[PDB]
Amino acid sequence: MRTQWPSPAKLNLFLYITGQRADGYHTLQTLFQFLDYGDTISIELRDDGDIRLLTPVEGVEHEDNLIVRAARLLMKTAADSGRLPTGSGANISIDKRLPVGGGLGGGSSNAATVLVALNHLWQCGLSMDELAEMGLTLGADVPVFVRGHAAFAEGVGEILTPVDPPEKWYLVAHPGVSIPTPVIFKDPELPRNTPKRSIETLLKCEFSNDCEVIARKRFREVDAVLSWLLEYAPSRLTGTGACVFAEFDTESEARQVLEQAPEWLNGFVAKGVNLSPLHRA
Ligand SMILES: Nc1ncnc2c1ncn2[C@@H]1O[C@H](COP(=O)(O)OP(=O)(O)O)[C@@H](O)[C@H]1O
Ligand SMILES: Nc1nc(=O)n([C@H]2CCCS2)cc1C#CCNS(=O)(=O)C1CC1
Ligand SMILES: [Mg+2]
Ligand SMILES: [Mg+2]
């Protein structure tokens, strides 16, 4: 039997960099919300203990793909604690709508959906905390997707406090540039001193993304897309870019602006979701 599993995008509704730890990672205060939009992952169990991603993701080698890494991590962890039924395997295919990169968390959402689906399908019985703990080793973006709720996130992104932001409609645009996430976080001029504040202060302050100034300055493609959207609606970078979103109250306004957008916006429209489509499923 084949099962299908949502792998939604996320948005950083705001993103503040509070410092940088010794291991190079940055401490932050950010607010995750999911989008009801993303990839679909299909899984067929194998009985020969193998893991096969049948549908390649362009530019990513099989063994580098977060789908496969997540599956093998779960297999190793379950097997080291006697929770992996003999022969547990899987064929995995993905219908990929999300960009590879851009600050939408698509690869990390793929990792999270695979952890959750395989834990269920192999009957490994691992808890949320254990999965989120294993997800974190695959990237700081992975735990929010594993836990499945919109959340105020601190630490490096793993300290998650569920919250229910307004579920606005978003136009999400992908500038035609690839920004390696290491670039932004290694910039001298990135704010690393933004004062840590309470959720109440943050939820009342205007939402911004501390990384936007740098993405905009360094990538004219990002500045172009942001400048264009800002004429229509509040608009900000998500993640470290390059994607930018514009916030709307209704689907019709968001789609009307989208119908107007030049093709170089590479835009789609989707609704915010405080419960991940994966956990809804
Ligand atoms: N299934 C996957 N989908 C997208 N990217 C992946 C996947 N597996 C590994 N990656 C790697 O991660 C990067 C893009 O990941 P992604 O989570 O989409 O980043 P972003 O937060 O910028 O959206 C690429 O460098 C790619 O090598
Ligand atoms: N806290 C961090 N410090 C860092 O140095 N890095 C770099 C080093 C690894 C890849 S990039 C990432 C994070 C993270 C995170 C949580 N997910 S996130 O908020 O969507 C994304 C916008 C930040
Ligand atoms: Mg989805
Ligand atoms: Mg990611």
Side-chain angles (χ1 to χ4, degrees), residues 9-33 35 38-39 57-61 63-67 69 96-112 135-145 153-158 170-194 196 207-230 235-246 264-268:
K10 58 88 177 165
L11 292 188
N12 295 93
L13 297 197
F14 65 65
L15 174 45
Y16 305 120
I17 314 292
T18 58
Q20 193 183 11
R21 337 192 288 190
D23 72 341
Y25 277 81
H26 292 79
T27 58
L28 46 88
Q29 288 196 302
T30 190
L31 172 58
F32 290 112
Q33 181 180 71
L35 300 177
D39 313 324
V57 167
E58 215 278 281
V60 189
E61 287 331 89
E63 288 311 307
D64 288 333
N65 195 301
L66 279 163
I67 284 162
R69 290 166 64 204
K96 196 127 179 86
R97 311 208 280 171
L98 291 179
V100 177
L104 290 188
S108 292
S109 176
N110 291 172
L136 181 53
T137 81
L138 296 179
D141 306 6
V142 181
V144 71
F145 288 111
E154 303 174 283
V156 300
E158 87 271 45
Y170 300 100
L171 193 168
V172 182
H174 192 185
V177 64
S178 156
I179 302 173
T181 195
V183 179
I184 307 286
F185 274 119
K186 294 189 176 307
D187 190 288
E189 301 162 4
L190 184 82
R192 296 171 179 97
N193 77 317
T194 297
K196 204 198 289 203
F207 287 13
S208 47
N209 183 328
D210 272 349
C211 301
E212 189 177 304
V213 53
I214 266 59
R216 232 192 153 159
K217 182 214 289 214
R218 297 180 80 189
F219 300 95
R220 256 209 199 110
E221 301 86 359
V222 172
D223 184 54
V225 169
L226 243 182
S227 289
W228 193 94
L229 287 168
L230 276 169
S235 299
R236 304 185 290 286
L237 199 88
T238 178
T240 52
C243 291
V244 173
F245 61 91
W264 51 265
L265 265 84
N266 304 301
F268 72 82

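Sequence positions, counted from 1, serve as the residue numbers for this chain.
Not a single donor-acceptor pair under 3.5 Å links the side chain of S109 to the backbone N or O of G105. Although no hydrogens or angles enter the test, the distance criterion places a donor-acceptor pair under 3.5 Å between the side chain of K10 and the main chain of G103. Between the side chain of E212 and the backbone N or O of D210, no donor-acceptor pair lies under 3.5 Å. Within the 3.5 Å criterion, the main-chain N or O of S108 finds no donor-acceptor partner in the side chain of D141. Between the side chain of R192 and the backbone N or O of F185, at least one donor-acceptor pair lies under 3.5 Å. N110 places no side-chain N or O within donor-acceptor distance of the main-chain N or O of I67, the cut-off being under 3.5 Å. Side chain of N209 to backbone of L237: a donor-acceptor contact under 3.5 angstrom is found.
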Show me the side-chain donor-acceptor pairs of residues 13-21 shorter than 3.5 Å, one per line, residues at least two apart or across chains.
unit_1: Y16; atom_1: OH; unit_2: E206; atom_2: O; d: 3.3
unit_1: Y16; atom_1: OH; unit_2: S208; atom_2: N; d: 3.0
unit_1: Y16; atom_1: OH; unit_2: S208; atom_2: OG; d: 3.4
unit_1: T18; atom_1: OG1; unit_2: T27; atom_2: O; d: 3.1
unit_1: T18; atom_1: OG1; unit_2: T27; atom_2: OG1; d: 2.6
unit_1: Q20; atom_1: NE2; unit_2: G24; atom_2: O; d: 3.1
unit_1: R21; atom_1: NE; unit_2: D23; atom_2: OD1; d: 3.3
unit_1: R21; atom_1: NH2; unit_2: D23; atom_2: OD2; d: 2.9

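Residues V222 and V244 have side chains in contact (heavy-atom distance under 4.5 Å, counting atoms from C-beta outward). Counting heavy atoms from C-beta outward, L28 and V156 have side chains that stay 4.5 Å or more apart. Taking 4.5 Å as the limit, every side-chain heavy atom of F245 sits out of range of all side-chain heavy atoms of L171. Side-chain contact between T181 and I179 is absent, with no heavy-atom pair separated by less than 4.5 Å.
Of all heavy-atom pairs between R97 and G38, the closest is NE-O, 3.0 Å. Closest approach of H174 and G102 over heavy atoms only: NE2-CA, 4.4 Å. Minimum interatomic distance between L98 and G106 (heavy atoms only, all atoms of both residues): CD1-CA, 3.7 Å. Taking both residues in full, the closest heavy atoms of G239 and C211 are given as O-CB, 4.1 Å, listed atom of the first, atom of the second, then distance.
Between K217 and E189 there is a salt bridge, with a side-chain nitrogen of the basic residue lying less than 4.0 Å from a carboxylate oxygen of the acidic one. Using a cut-off of 4.0 Å between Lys/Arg side-chain N and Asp/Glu carboxylate O, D39 and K96 are scored as salt-bridged.
Note that the CD1 atom of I214 and the CG atom of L190 stand 5.5 Å from one another [nearest 0.5 Å]. Taken from OG in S178 to CD in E221, the straight-line distance is 10.5 Å, to the nearest 0.5 Å. Rounding to the nearest 0.5 Å gives a distance of 4.5 Å between OG of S235 and CG of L230. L226 contributes atom CG, which lies 11.0 Å from atom SG of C243 (distance to the nearest 0.5 angstrom). If you take CG on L11 and CZ on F32, they are separated by 10.5 Å, rounding to the nearest 0.5 Å.
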Item to complete: Test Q33 against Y170 for side-chain contact (heavy atoms from CB on, under 4.5 Å), laying out the working first.
Response: CA-CA 11 Å; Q33 181 180 71; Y170 300 100; 2.8 Å; yes
Practice prompt. May I have the step-by-step check of side-chain contact (heavy atoms from CB on, under 4.5 Å) for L31 and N12, ending in yes or no?
Written response: CA-CA 6 Å; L31 172 58; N12 295 93; over 6 Å; no
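Heavy atoms of other residues, nucleotides or ligands lying less than 6.0 angstrom from CD of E63 number more than 12.
Residues passing the side-chain contact (heavy atoms from CB on, under 4.5 Å) test with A224, sequence neighbours excluded: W264.
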